[PDB]
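Here's the structure we're looking at; comments come further down.
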Amino acid sequence: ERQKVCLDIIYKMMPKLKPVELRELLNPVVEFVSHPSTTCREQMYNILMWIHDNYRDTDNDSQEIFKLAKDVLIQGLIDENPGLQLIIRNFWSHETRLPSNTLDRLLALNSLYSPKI
Amino acid sequence: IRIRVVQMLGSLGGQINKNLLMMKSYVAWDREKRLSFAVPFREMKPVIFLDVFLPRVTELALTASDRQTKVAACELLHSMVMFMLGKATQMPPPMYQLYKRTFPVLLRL
Amino acid sequence: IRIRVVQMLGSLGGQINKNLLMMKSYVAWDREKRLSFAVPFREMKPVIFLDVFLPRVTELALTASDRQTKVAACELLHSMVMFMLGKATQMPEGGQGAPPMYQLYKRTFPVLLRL
């Protein structure tokens, strides 16, 4: 319950937040990965999708934030929940994050990688 | 099951276990990659010779744990043989060696 | 030339001119519809029955002024007969000697020889 309410607070407040504060805000957020609650991880991924869209465009704190968000997204790209896996795939497979051109799609997805996935 | 199986295997001693594995029996069954297939897209149609999957896709479809895996493999095998026998309509020994390879597998399955 | 032709036609009078024209001009060559072709697009593949153009194009290809027009017609007919001949293969043909195209042979072949 506290997890969910905290994450909802975060999701509501992020648009006003400055990137510099957002950095050390997210640093203790990232641990809800592997947490055994689909609600927690899904709110996580909502936050991360927002960050990715709002930071794929500077501020080195923001740059590292974006890198970390993409990394944890890749982390999520393996789940115990097939539904989470599907929805995050749809997010990633979407054109803005996977170029419509198959050549460009492949070229972009080449970057997306972790030595854990 | 698999844990006990590997346990038994090591229990035997490798001098028996190496019997798990001459002409070496891999010659790239058909000299020609006669399984051409251009995958659909919106910009291009890269061609795939599904030949390479043949042995693999058979053996997994022949024997495998994880009933899900085996069912998926054999369904895809059904689809691919369906296609190739559709592809038999072609220029006039088309998949003669391929038939030799596949028919015993098909009948056992 | 055309001017003098129509001049002649009017000179001859109607009682003569009507000799220009019972099988009654058509039989709708194939009892079926075939010779299909799906035109390619990035979104859809509309299918087109090429056969419908055969009676017209042949008359154009066999008979035409405008060397440019006639050449275009004959080249296009060559392409279509090539395509149809290729389509002859890969056909289930257990009802006739050439079910998917038998009458088209009858129509084309004299025209092919004339051309």
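Would you give the gap between the C-alpha center of the range C:44-115 and the C-alpha center of the range A:35-66, rounded to a whole Å?
Distance between centres, Cα-based: 62 Å.
Distance in nm between label sites at C:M8 and B:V39, each 7 Å beyond Cα in the beta-carbon direction?
With each label placed 7 Å out from Cα toward Cβ, I get 6.6 nm.
Find how many whole Å separate the alpha carbon centroid of the range B:1-18 from the alpha carbon centroid of the range A:89-113.
After rounding, the separation between the Cα centres reads 44 Å.
Out of residues 5 or more away from C:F37 or on other chains, whose amide H comes under 5 Å of its own, with H placed 1.01 Å from N in the peptide plane?
Counting only residues 5 or more places away or on other chains, the set is C:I48, C:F49, C:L50.
Taking the Cβ of each residue in A:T96, A:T38 as the centre, tally the other Cβ atoms inside 10 Å and list the residues starting with the fewest.
Going from least to most buried by this count: A:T96, A:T38.
The range C:46-115: which GluC sites (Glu not before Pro) are DSSP loop and have at most 15 other beta-carbon atoms within 10 angstrom?
Taking the range C:46-115 and a limit of 15 other Cβ atoms within 10 Å, the loop GluC sites (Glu not before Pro) found are C:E93.
How would you classify chain A from its alpha-carbon gyration tensor, with a ≥ b ≥ c the square roots of the eigenvalues: rounded for a/c under 1.5, else prolate if a/b is greater than b/c, otherwise oblate?
Cα axes put chain A in the oblate bin.
Starting from 0.36 nm per residue, how many nanometres of slack lie between A:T39 and A:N27 once their C-alpha separation is accounted for?
2.4 nm
May I ask you to derive the FRET efficiency for C:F49 and B:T63 from their Cβ-Cβ distance with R0 = 45 Å, giving the value to the nearest 0.05?
That pair, C:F49 with B:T63, gives E of 0.35.
Restricting to DSSP H runs of at least four residues, report the calculated mean residue ellipticity at 222 nm for chain B, -39500 (n - 2.57) per run over all residues, nearest 500 deg cm²/dmol.
Dividing the helical sum by the residues of chain B leaves -16500 deg cm²/dmol.
Under a cut-off of 29 Å between alpha-carbon atoms, report the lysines in cross-link reach of C:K33, not counting same-chain residues fewer than 8 places apart.
Leaving aside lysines fewer than 8 places away in the same chain, those within reach of C:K33 are B:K87, C:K24, C:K45, C:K70, C:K87, C:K106.
Positions of Cβ are generated from backbone atoms using ideal geometry, with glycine treated the same way; all protein chains shown enter the neighbour counts. Read-outs: derived from the displayed coordinates by stated rules, not from any lab.
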